[PDB]
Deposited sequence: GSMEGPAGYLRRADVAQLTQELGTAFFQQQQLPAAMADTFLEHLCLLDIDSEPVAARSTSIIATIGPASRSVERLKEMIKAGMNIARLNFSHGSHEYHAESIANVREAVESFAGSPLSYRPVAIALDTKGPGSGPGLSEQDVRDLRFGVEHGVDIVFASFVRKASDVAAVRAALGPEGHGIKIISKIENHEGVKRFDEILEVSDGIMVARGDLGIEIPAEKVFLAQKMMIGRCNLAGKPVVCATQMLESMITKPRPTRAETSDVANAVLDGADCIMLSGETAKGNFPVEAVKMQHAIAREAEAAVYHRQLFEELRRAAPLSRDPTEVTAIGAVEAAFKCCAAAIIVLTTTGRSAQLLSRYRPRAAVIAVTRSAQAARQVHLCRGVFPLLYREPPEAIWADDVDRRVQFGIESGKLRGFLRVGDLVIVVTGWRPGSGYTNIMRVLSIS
């Protein structure tokens, strides 16, 4: 029965054609949903009670669209999100961190606009985790956003939105200096022929997967759900194909900001993503990712590949990684393991930001410290295991891969352990 669930017959197939033929509608998904859901906050999703429902439905990142609304409006939104998130902090083994992202208005007719500088300053002051920089056309646009974030905003992640021909053509230079990319299909579909957008989406997702950087698929994913309780056949297909393409995050705009079914739209994206993740052809995917990733003398990079290889060999339920900045979890994520990457961190900001990486499940470690570093480490490992058992990721008898470092401080991951649960 284990090998009949989560499309395992289709995952073992020798060819991609055999893989497609073996897809079974009766093979149920078992693993936790790996692709993060970004929901846009607006009138339909601003109440603390509504936001609690969206967190339970699966929202991982809350997007504030600075194209509409005042700073007072957005600060109220931020406060409501934080209130709804902290309403579940009572049970630290089941608490879900939610990132806050600021989507800039953009340059419009103009480089970096004066309103954008004021909005970016607002984001730093209000402690946002991510910036979705609108209409990025070159590497110098990213540098301008980075400069506007100042010294207090070094930790904020910059996700460049590609929305026009220039951004697509200069993609490589933008990706090099960005933390990730958003495939902003709305404007892109007006700037380039609508029938060419799928080529740009597939190219940008592929390059981001190659680079190991997060990529978000955005706009009109479940558009009809703004007024209707169920999406169209094209919409469910679109969500599924974005996940199959390799998107780290999927987004909802009007569907959650102004629609009549914001919670239902989140539930739909959650349901589709789970099905699509089980349908991933890991046999060729892991091989291609392995072959494409360059040789490395960075021990974190070397431990990540060894850990993902080890997890595939034993069908590990999870890979528990200790991370400070989230980097060790990101390097595990780039190899697209079938095993969940449970990232145990003390940094609340890192816990929110690792939602950008597919398959990373952040656990904010709030237990009291241990005096001996070795005991402190073991405690954070056992923490990941208890939360994993509570949340359904792990059972007694399961195998896990534990990824740690040799000394405290970020950048020293170099150990991989094969551990049996209880």
In sequence order, which parts of the deposited sequence are missing C-alpha coordinates? 1-24, 135
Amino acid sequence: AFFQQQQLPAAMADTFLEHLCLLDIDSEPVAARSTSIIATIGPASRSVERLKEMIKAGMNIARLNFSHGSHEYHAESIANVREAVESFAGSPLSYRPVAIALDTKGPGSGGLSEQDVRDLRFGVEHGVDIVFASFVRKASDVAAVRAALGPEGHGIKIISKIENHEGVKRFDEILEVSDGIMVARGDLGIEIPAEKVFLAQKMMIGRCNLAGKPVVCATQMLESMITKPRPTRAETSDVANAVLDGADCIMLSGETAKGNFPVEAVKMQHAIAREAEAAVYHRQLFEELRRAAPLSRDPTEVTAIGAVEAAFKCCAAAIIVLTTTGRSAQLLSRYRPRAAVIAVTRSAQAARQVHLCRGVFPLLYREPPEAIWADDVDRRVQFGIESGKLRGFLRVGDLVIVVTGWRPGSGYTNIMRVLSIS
From here on, numbers count along this sequence of modelled residues.
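Whichever C-alpha set is largest while still superposing within 1.5 Å between the two forms counts as the rigid core.
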Taking RMS over all structures and residues, which stretch has CA atoms farther from the shown form in 9 other deposited structures of this protein, 175-183 or 85-93, after a rigid core fit? 85-93
Mean CA B-factor: is it higher for 220-228 or for 330-338? 220-228
If you take the mean CA temperature factor per stretch, which one wins between 406-414 and 6-14? 6-14
Given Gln269, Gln115, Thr323, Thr300, identify the residue with the highest C-alpha B factor in the PDB entry. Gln115
Of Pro294, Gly246, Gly110, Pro214, which one's C-alpha B factor is largest in the deposited record? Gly110
Split into thirds by Cα B-factor across the chain's modelled residues, where does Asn164 land: lowest, middle or highest? middle
On the chain's distribution of Cα B-factors, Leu363 falls within the third called lowest
Among all modelled residues of this chain, ranked by Cα B factor, put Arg380 in the bottom, middle or top third, i.e. lowest, middle or highest. lowest
Name the third of the chain's ranked CA B-factors that contains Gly150, choosing lowest, middle or highest. highest
Chain-wide C-alpha B factor ranking for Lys138, given as lowest, middle or highest third: highest
